[PDB]
Each structure stands twice: as C-alpha cells, then as structure tokens.
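Step one of this worksheet: look at the structure below.
Within every chain, numbering begins at 1; the chains are lettered A, B, ... in the order of the sequence lines, protein sequences first and strands thereafter.
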Amino acid sequence: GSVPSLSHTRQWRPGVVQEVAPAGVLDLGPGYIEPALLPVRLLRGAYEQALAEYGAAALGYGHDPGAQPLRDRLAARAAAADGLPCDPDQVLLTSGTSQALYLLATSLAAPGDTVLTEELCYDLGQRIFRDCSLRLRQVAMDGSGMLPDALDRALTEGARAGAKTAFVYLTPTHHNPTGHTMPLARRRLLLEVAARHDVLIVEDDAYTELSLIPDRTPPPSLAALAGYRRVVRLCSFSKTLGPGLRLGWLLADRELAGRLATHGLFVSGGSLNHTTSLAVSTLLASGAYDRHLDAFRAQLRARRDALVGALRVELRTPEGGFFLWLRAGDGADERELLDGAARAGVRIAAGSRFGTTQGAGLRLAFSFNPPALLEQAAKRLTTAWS
Amino acid sequence: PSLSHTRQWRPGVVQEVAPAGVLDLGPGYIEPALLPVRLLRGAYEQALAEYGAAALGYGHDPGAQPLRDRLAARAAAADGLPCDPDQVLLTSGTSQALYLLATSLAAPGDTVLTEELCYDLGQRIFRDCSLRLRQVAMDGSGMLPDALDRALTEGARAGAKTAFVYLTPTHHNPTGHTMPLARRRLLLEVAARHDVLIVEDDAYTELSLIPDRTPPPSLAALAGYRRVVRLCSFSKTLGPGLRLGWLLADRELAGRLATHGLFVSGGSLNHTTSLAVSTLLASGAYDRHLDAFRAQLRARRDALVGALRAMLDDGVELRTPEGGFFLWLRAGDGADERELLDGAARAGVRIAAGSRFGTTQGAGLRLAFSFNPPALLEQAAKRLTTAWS
C-alpha cells in the first residue's frame with residue numbers, strides 16, 4: 001500500500017498458515033483477520049522494544065502466572081470494562097484460549113464428565129472438549145443465549161442421573177456464531193442457577209474488545225457479576241493482535257488462579273508464553289494497543305456495514321465481533337444454500353458445524369476481506385440464492 | 001552495549017531469583033549474559049519482515065513446514081538415521097508437551113515409570129496430572145533393564161496400567177550421565193516386549209561439551225520411532241522464555257496428536273516465535289550460537305570441576321558429565337544431605353538437594369554450572385569446600 005507495512009501475503013500459504021481456501025474462492029468462512037490488517041510492523045517494534053527493555057529477562061524462564069506488568073495492566077483493563085474490581089492476583093497468562101480450554105478440560109474436568117453448552121457454540125471448542133473425553137450436552141437457547149430454566153433442568157436431571165457436570169461453557173459477548181450479546185438480566189439469571197447447583201462456568205470471551213458501535217461496551221462479564229465465584233473467564237489476543245502470537249489470559253478468583261498457577265505445568269515451564277507476552281506488554285503500556293483497537297474496530301465496522309448493506313432471510317446485525325448469522329426464513333435447507341455459495345465461488349460456514357438451528361443458519365465472516373470484496377461476495381451469493 | 005542486561009532480572013518478571021548475596025548454583029538456568037537477546041531481536045525482525053502477515057495468522061497446526069523440515073533433518077543428522085518432517089510436531093516447550101502426553105496418552109490413575117533419580121519438575125507435572133509415579137532402579141548408565149522388566153510385570157499382574165516409561169538418556173538431570181548405546185537397546189527391547197510407550201525427554205541433547213563428540217542415537221531413532229515419543233526444546237539452547245520446543249514420533253502418532261482439537265482450534269502452538277527461530281536454523285546462526293555456547297558451558301564445567309577437586313576423596317565422588325548443565329556430587333558413607341545443605345548455607349551458596357530428584361544411595365547434590373561465569377563458580381566452590389571441611 002501507500003503507508004509502511006509488513007502485512008504482505010507472500011508466505012500466506014499451506015504449510016505456513018493454518019488453512020488457505022482454494023484458489024479463486026472468496027473466503028467468508030474462517031474468522032481470520034484480513035492479512036493486510038494484521039499489525040505485523042507494530043509487533044516488530046514491540047519485540048524490538050521488549051528485548052531492549054527487558055534484556056536477558058525476556059529470554060529466561062518467566063514468572064509462573066505471567067510477568068507482573070502484564071498481570072497488573074490486564075487486571076486494570078478488566079476492571080475498567082466491567083466497572084467492577086479485578087486484582088492482578090486473579091490473572092494468569094495463557095498461550096491462547098485453545099490451550100486454556102485444554103488445561104481446564106483436563107485439570108478441572110475428568111474423562112467422562114459432562115460439559116453443558118448452548119445449542120449453538122464454538123465448533124472448535126467442542127472438539128477440544130470431545131477430544132479430552134468429555135461428554136457434551138446442549139442446553140436450549142434463545143436470541144440472548146442459554147436459557148436459565150433449561151440450564152436448571154439440565155443440571156437437575158444430570159444430578160438425578162448421577163452424571164457429573166464439570167462446567168458450563170458460555171460465550172456471552174459477540175457469540176460465535178450468532179453474534180448475539182447476552183444482556184445483563186440474562187447473565188444474572190444464569191449465574192443464580194449455576195450458583196444454586198454450585199457448578200463452574202467457563203466464560204470464553206475472545207471477542208470482548210471488539211464492540212463496533214463506538215463508545216459502546218458489552219455488559220460486565222459473568223465472572224465479574226459473580227464476584228469471580230465459580231467462574232473462570234478466558235480472554236485472548238488472537239482476535240485483536242494476531243492468532244499466531246499464541247497469547248491470552250485467564251481471570252478467576254485468587255484461590256483458583258493460585259491453584260492453577262501451582263500446577264507442575266507452570267512450575268516447570270514458567271509463564272506459558274514469556275517472550276511474546278513482554279512484546280505485547282510494551283503495546284499495552286504505551287497506549288499503542290488501544291490505538292490499534294480503535295483502528296481495528298473501525299476496520300471491522302466498515303466491513304460489517306459493507307456486507308450487511310449489500311445483503312439487505314433474516315439477519316440480526318451484531319454489535320461486535322467477526323460474524324454475521326444469516327437465518328433462512330423461507331425453509332431453504334442448509335445444503336441448498338451451501339450449493340449456492342459454491343456456485344457463487346464463495347466459502348461460508350455451515351450453521352450445523354456449531355450445533356442445532358431453527359431451520360438453516362449460515363455464519364459469514366466480515367473480518368478477513370476488505371469491504372469491496374465482501375460486497376462482491378454478497379452480490380454473488382444473492383444471485384445464486386435468487 | 002550488550003542487550004543481555006539484568007535490569008529486569010527481578011521477581012515478578014523472571015521465574016525465580018535467589019536471595020541477595022547468595023551465589024546461585026541451584027537452578028539450571030542460562031547465565032543472563034549468555035542469553036542471545038540480540039540474536040533473537042534480529043530473528044523477530046527478519047521473520048516478521050519475510051513472513052509478513054503469515055507470521056501473525058493462525059499457524060499450520062503441526063508447526064510451520066520450514067521448521068518441521070529442518071528439525072527432521074537435524075534429528076536425522078544427529079542420529080545418523082532417517083527422520084521425516086511428518087514425524088515432527090512443534091510444542092510451546094517440553095513442559096507443555098509433557099502436560100499434553102500426560103493427559104492425552106495417559107488417564108488419571110495410570111502409572112508412569114521413572115528412574116530412581118529424574119527431572120524433579122517433570123515428576124510434578126505427572127503427579128499434578130493425577131498419575132502414579134513408580135521408581136525403577138538405575139546405575140551409572142541409567143535405568144536397569146531387569147528392574148524395568150520386573151516393574152512392568154508387577155504392574156501387569158496387578159492390573160495397573162502403565163501409561164509410559166519416562167527417560168532422560170542424555171546429560172541426565174540431575175546426574176549428568178549419558179546412557180550408552182548397549183543400555184539404550186536393552187531398555188527398548190524390554191519396553192517393546194511389554195509394548196509400553198517410552199517418553200524420551202531430551203532437553204540437553206545439543207549440549208555436548210566435547211567439540212568432536214555427539215551423544216548416541218536417540219531411543220526413538222533406535223526403535224525406528226516405534227512406541228517412542230521424543231521431546232526436544234529450545235529452552236536450554238536459546239532461551240526458556242521463548243516457550244518453543246518440538247516432538248518426534250512415528251508419522252501415525254504425530255498425525256493423531258496433531259488432529260486433536262487443541263491444534264485445530266489454536267494452530268501451531270507457538271507460531272510467531274517459531275518463525276523467528278526458523279530464520280536462525282536456516283542461516284546457520286543457531287549452529288554458530290551453539291558452538292559458542294557449548295564453549296562457554298565447557299569453560300564453566302571445567303572451572304567448577306577444577307575448583308571442587310579438593311573435595312573428591314574417600315567416598316565423595318563426581319563423574320564429569322559429557323554435556324548439559326549439571327554436576328552431581330555423591331557424598332555417601334553416612335554423609336547427611338541436610339548437613340551438606342547447611343554447609344552450603346554457611347558458604348552463601350545455593351545448590352539443589354538430591355532428594356528433590358528421588359532416591360539416592362547416600363547423599364547427592366546437584367550443582368549447576370550454566371548460570372554463572374567461571375570466576376564466580378570457582379568462588380562458590382571455594383566457599384563450599386571451606387564450609388564442608
């Protein structure tokens with residue numbers, strides 16, 4: 001482009017990145033950040049600054065729960081977003097929410113235990129839980145997420161059948177795939193149900209910083225609303241700075257965070273991603289992280305609006321995140337709609353990957369392509385579906 | 001001005017810092033001044049410029065192909081036996097790899113067999129993953145085959161599943177020994193007959209200090225990668241904070257692990273840093289760094305051994321290790337570990353108690369030479385000698 005940038009695609013190829021769609025396909029499938037938008041040059045400066053500032057400490061074993069400057073700032077950010085306190089001793093760094101989920105699925109759950117999810121939820125997270133030998137059971141949901149009465153019944157009947165529910169897994173903000181955000185009242189009702197049953201909630205909040213309506217912020221987290229009692233919240237830098245960095249964090253009450261941090265995993269290896277955590281820490285410290293979020297939210301808003309505008313079959317416009325959730329209103333089945341996408345040369349994500357739908361649902365990402373290409377994809381899709 | 005400064009080498013940043021005034025021969029840490037900070041800075045700079053956006057996207061699940069290719073070639077060259085890239089899986093460090101194996105290839109209650117002395121923090125991972133540890137007798141060459149055979153038989157006759165045998169055959173932590181070829185084969189033969197997995201933790205494999213000497217081939221290679229998983233790391237060669245290592249197995253097991261939801265969800269377990277390190281392998285800078293670092297470690301080993309020679313008499317013994325980070329001092333003869341540790345305290349020196357690593361005959365003490373320059377190792381040894389005498 002016309003401004004200095006390292007965000008080229010010369011190595012955006014199979015064997016380097018996770019997946020590349022077939023040549024000639026306009027790819028609205030994965031919730032990936034458009035390559036040109038990935039902040040490569042910003043991270044280059046961050047590694048340069050972190051290695052200069054932290055010196056040899058950047059390459060030694062890191063403080064087990066994560067370097068304190070990052071714990072301190074991450075706690076302050078959570079508190080500012082929630083309007084509710086969060087102490088640094090509640091923060092544990094991770095090497096990404098994928099690893100965090102593996103950790104919780106094998107440390108706070110045992111093979112055979114049940115995990116309760118919404119009818120629709122993160123498809124790859126389900127695979128982590130299943131591959132860790134956990135049993136998944138879906139709970140009824142509406143446009144605001146999991147239904148308290150259904151969770152209550154599911155937990156009651158599980159207990160009556162003698163089944164151990166290890167935890168309830170929830171993505172309450174900019175839901176993958178529906179885009180919904182659970183409102184405050186529903187958050188409280190679910191917490192009250194889970195508290196009565198004394199069941200842990202795992203709150204996966206990967207899109208929390210990606211509200212697209214400027215000066216609008218999501219409701220407080222389940223974890224904060226519960227005073228961090230029996231809730232673990234998972235956050236990540238994947239959807240804000242780059243998934244390849246393999247860096248995230250975990251918020252819990254002091255006792256649970258401390259218990260987790262004394263696991264041999266941390267005692268042996270130290271901070272789960274020390275060098276990269278220090279790079280990112282310099283971005284939080286300087287204000288560059290928030291400047292980058294302001295730009296990225298604006299980039300996502302432009303893309304969301306282009307795709308929605310070109311598409312305007314039902315769609316609830318999301319307040320944030322990466323995805324639009326299209327619902328057939330006329331009874332068209334998912335296979336026919338996907339066949340239409342194939343005719344259009346457009347890749348989208350089948351709703352059935354995420355669970356049970358009211359009729360056909362389709363997830364379209366706006367995070368991976370510029371507005372003009374999203375409009376082209378929308379035009380080709382609507383021609384094919386016509 | 002060296003970038004390997006210690007201005008942030010403080011509690012809350014690094015994992016641990018000994019009390020002020022203590023000469024710290026405890027942890028097997030790399031001396032801060034020797035950590036290749038400038039080298040890694042250039043590696044991040046080059047990787048981000050050359051790989052561009054691909055350095056920050058989700059990485060290829062088993063790890064970026066250039067690293068898979070070169071790590072397989074390095075394994076093959078070291079073993080003198082083939083290794084294909086599809087046998088390599090990148091990890092975020094051996095600690096994470098052990099956690100993965102202890103929860104995916106073992107279930108709560110399963111037994112892991114170890115040597116009487118082995119990695120203390122590795123035992124902690126296994127115990128915290130709800131595994132049962134059972135120790136197997138060892139000698140100067142490592143685990144004894146007859147003892148392993150009896151332990152596996154006893155487990156089978158009791159109905160107790162053995163998930164794997166854990167072994168560090170080269171530059172052993174804490175004894176420093178290197179298992180010779182003949183013992184490697186005898187142990188593989190026992191394990192093969194019982195069909196029990198071996199997890200071969202080889203964190204020090206690149207740290208031979210004799211310039212024209214390489215360790216024997218890995219257990220994994222000797223077994224044709226049948227029922228062995230080998231774990232390697234950049235922690236002891238480039239920097240533990242990088243949180244990058246790799247895993248070698250047969251194609252089937254490597255592929256099976258790599259299809260786990262963990263990898264499908266998160267991609268390569270440490271993508272951006274892996275590409276920085278890849279640029280160092282590709283240029284030869286990694287090997288030139290190893291040449292220089294091995295010479296630094298050799299100087300430290302020789303300084304510490306030389307300054308302890310006055311202690312090595314009448315039952316107090318020290319076998320000089322061919323590589324790695326550690327010396328193992330055996331006192332025996334009714335020597336008391338606590339008394340020896342009290343002497344180290346009087347000397348203002350921190351060492352590692354043998355009982356941290358398991359059962360020893362007599363008293364054993366682990367002393368690291370990796371974290372201090374020769375002059376300070378000599379001063380520490382002099383003070384220890386005075387206190388112990």
Exercise for the section: Looking only at non-hydrogen atoms, find the nearest pair between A249(B) and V229(B) and report the distance. Expected result: CB-CG2, 4.2 Å

Practice task
Check whether the side chains of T111(B) and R132(B) place a donor and an acceptor atom closer than 3.5 Å, and report yes or no.
Solution key: yes

Exercise for the section: May I ask you to establish whether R301(B) and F369(B) are in a cation-pi arrangement, using a distance under 6.0 Å from NZ or CZ to the six-membered ring centre and at most 45° from the ring axis? Expected result: no

Problem - Distance-only side-chain donor-acceptor flag, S268(B) / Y58(B), under 3.5 Å - result: no

Problem - CA sep, side-chain torsions, deciding dist, call: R193(B), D149(B), salt bridge (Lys or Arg N to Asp or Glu O under 4.0 Å) - result: CA-CA 9 Å; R193(B) 176 157 48 80; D149(B) 188 30; 3.4 Å; yes

Practice task
Without swapping roles, check the side chain of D79(B) against the backbone of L81(B) for a donor-acceptor pair under 3.5 Å.
Solution key: no

Fill in the blank from the handout: Rounded to the nearest 0.5 Å, the OG atom of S95(B) sits from the NE2 atom of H263(A) at a distance of 11.0 Å

Practice task
Would you check if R150(B) and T153(B) make a side-chain contact, meaning some heavy-atom pair closer than 4.5 Å?
Solution key: no

Exercise for the section: Please step through salt bridge (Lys or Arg N to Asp or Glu O under 4.0 Å) for the pair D128(B) and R124(B), ending with a clear verdict. Expected result: CA-CA 6 Å; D128(B) 289 343; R124(B) 175 74 167 264; 3.0 Å; yes

Practice task
Drop me the distance from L244(B)'s CG to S95(A)'s OG, to the nearest 0.5 angstrom.
Solution key: 11.5 Å

Practice task
Kindly indicate whether the side chain of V316(B), heavy atoms from C-beta on, has any atom under 4.5 Å from the side chain of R330(B).
Solution key: no

Practice task
Could you pull out all residues at least two apart from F167(A) that satisfy ring-ring contact (aromatic ring centres under 6.0 Å, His included)?
Solution key: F129(A)

Exercise for the section: Decide yes or no for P85(B) and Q65(B): does some side-chain heavy atom of the first lie under 4.5 Å from some side-chain heavy atom of the second? Expected result: yes

Practice task
Might you confirm whether atom CZ of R137(A) has over 12 heavy atoms from other residues, nucleotides or ligands at distances under 6.0 Å?
Solution key: no

Handout entry: Closest non-hydrogen atom pair between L35(B) and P240(B), with its separation
Key = CD2-CD, 4.4 Å

Problem - Backbone N/O of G26(B) and side chain of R350(B): donor-acceptor pair under 3.5 Å - result: no

Problem - Separation between CG of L250(A) and CG of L272(A), rounded to the nearest 0.5 Å - result: 10.0 Å

Exercise for the section: Enter the distance from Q96(B):CD to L103(A):CG here, rounded to the nearest 0.5 Å. Expected result: 10.5 Å

Practice task
Check for a donor-acceptor pair, side chain of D139(B) on one end and backbone N or O of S141(B) on the other, with a separation under 3.5 Å.
Solution key: yes

Problem - Heavy-atom donor-acceptor pair, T94(A) side chain to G96(A) backbone, under 3.5 Å - result: yes

Handout entry: Between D64(A) and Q15(B): side-chain donor-acceptor atoms closer than 3.5 Å
Key = yes

Problem - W246(B)/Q87(B) under side-chain contact (heavy atoms from CB on, under 4.5 Å): CA gap, chis, key distance, verdict - result: CA-CA 10 Å; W246(B) 65 104; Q87(B) 300 182 243; over 6 Å; no

Problem - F266(A) versus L93(A), closest heavy-atom pair with distance - result: CE2-O, 4.1 Å

Practice task
Identify the two heavy atoms, one from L200(A) and one from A166(A), that lie closest to each other, and give their separation to 0.1 Å.
Solution key: CB-O, 3.9 Å

Handout entry: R243(B) and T276(A): side chain donor to acceptor below 3.5 Å
Key = no

Practice task
Report yes or no: do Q135(B) and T359(B) form a side-chain donor-acceptor pair below 3.5 Å?
Solution key: yes

Completion exercise
From the list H171(B), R213(B), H177(B), side chain to side chain donor-acceptor pair (under 3.5 Å) with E322(B) holds only for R213(B)

Problem - Worked check of side-chain contact (heavy atoms from CB on, under 4.5 Å) between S355(B) and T360(B) - result: CA-CA 7 Å; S355(B) 59; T360(B) 183; over 6 Å; no

Exercise for the section: Could you note down all residue pairs passing side-chain hydrogen bond (donor to acceptor under 3.5 Å, both in side chains) where residues 159-169 of chain B supplies at least one of them, sequence neighbours left out? Expected result: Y166(B)-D201(B)

Handout entry: Gap between atom SG of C129(B) and atom CG of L265(A) - 0.5 Å precision
Key = 8.0 Å

Exercise for the section: May I ask you to check whether over 12 heavy atoms, not counting those of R251(B), lie within 6.0 Å of atom CZ? Expected result: no

Handout entry: Check: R227(B) and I198(B) side chains under 4.5 Å, non-hydrogen atoms
Key = no

Handout entry: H63(A) side chain to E16(B) side chain, donor-acceptor N/O pair below 3.5 angstrom
Key = no

Handout entry: Exam field: side chain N270(B) to backbone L242(B), donor-acceptor pair closer than 3.5 Å
Key = yes

Problem - Name of the residue among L209(B), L327(B), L207(B) meeting side chain to side chain contact (heavy atoms under 4.5 Å, CB included) with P321(B) - result: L327(B)

Problem - Flag for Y225(B)-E252(B): side-chain donor and acceptor within less than 3.5 Å - result: no

Handout entry: Side-chain heavy atoms of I128(A) within contact of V264(B), under 4.5 Å
Key = no

Handout entry: Test log, rule side-chain contact (heavy atoms from CB on, under 4.5 Å), inputs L71(B) and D69(B)
Key = CA-CA 6 Å; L71(B) 292 171; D69(B) 289 350; over 6 Å; no

Problem - Intermediate values then yes/no, side-chain hydrogen bond (donor to acceptor under 3.5 Å, both in side chains), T170(B) and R184(B) - result: CA-CA 11 Å; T170(B) 299; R184(B) 289 177 194 245; 2.9 Å; yes

Completion exercise
Value for NZ (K236(B)) from OG1 (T94(B)), rounded to nearest 0.5 Å, stands at 8.0 Å

Practice task
Applying salt bridge (charged side-chain N to carboxylate O under 4.0 Å, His left out) between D287(B) and each of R294(B), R74(B), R70(B), report the one that passes.
Solution key: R74(B)

Exercise for the section: Check the side chains of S265(B) and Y102(A) for a donor-acceptor pair under 3.5 angstrom, ignoring hydrogens and angles. Expected result: no

Exercise for the section: For atom CZ of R183(B), decide whether the heavy atoms of other residues, nucleotides or ligands shown that lie under 6.0 angstrom number more than 12. Expected result: yes

Exercise for the section: Would you please test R226(B) and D250(B) for salt bridge (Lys or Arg N to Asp or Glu O under 4.0 Å) and show each step? Expected result: CA-CA 7 Å; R226(B) 292 178 290 277; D250(B) 68 16; over 6 Å; no

Handout entry: Side chain proximity check, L167(B) to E115(B), heavy atoms < 4.5 angstrom
Key = yes

Practice task
Keeping the roles fixed (side chain from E200(B), backbone from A220(B)), state whether a donor-acceptor pair exists under 3.5 Å.
Solution key: yes

Exercise for the section: Answer with yes or no after comparing the ring centroid distance for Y119(B) and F357(B) against a 6.0 Å cut-off, counting only values under it. Expected result: no

Handout entry: 4.5 Å side-chain heavy-atom contact, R300(B) and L304(B)
Key = no

Handout entry: CA sep, side-chain torsions, deciding dist, call: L101(A), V202(A), side-chain contact (heavy atoms from CB on, under 4.5 Å)
Key = CA-CA 9 Å; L101(A) 289 169; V202(A) 172; 4.1 Å; yes

Exercise for the section: Kindly give the heavy-atom pair with the smallest separation between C83(B) and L248(B), and that separation in Å. Expected result: SG-CD2, 4.3 Å

Fill in the blank from the handout: In terms of heavy-atom contacts, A64(B) and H271(B) come closest through CB-CE1, 4.3 Å

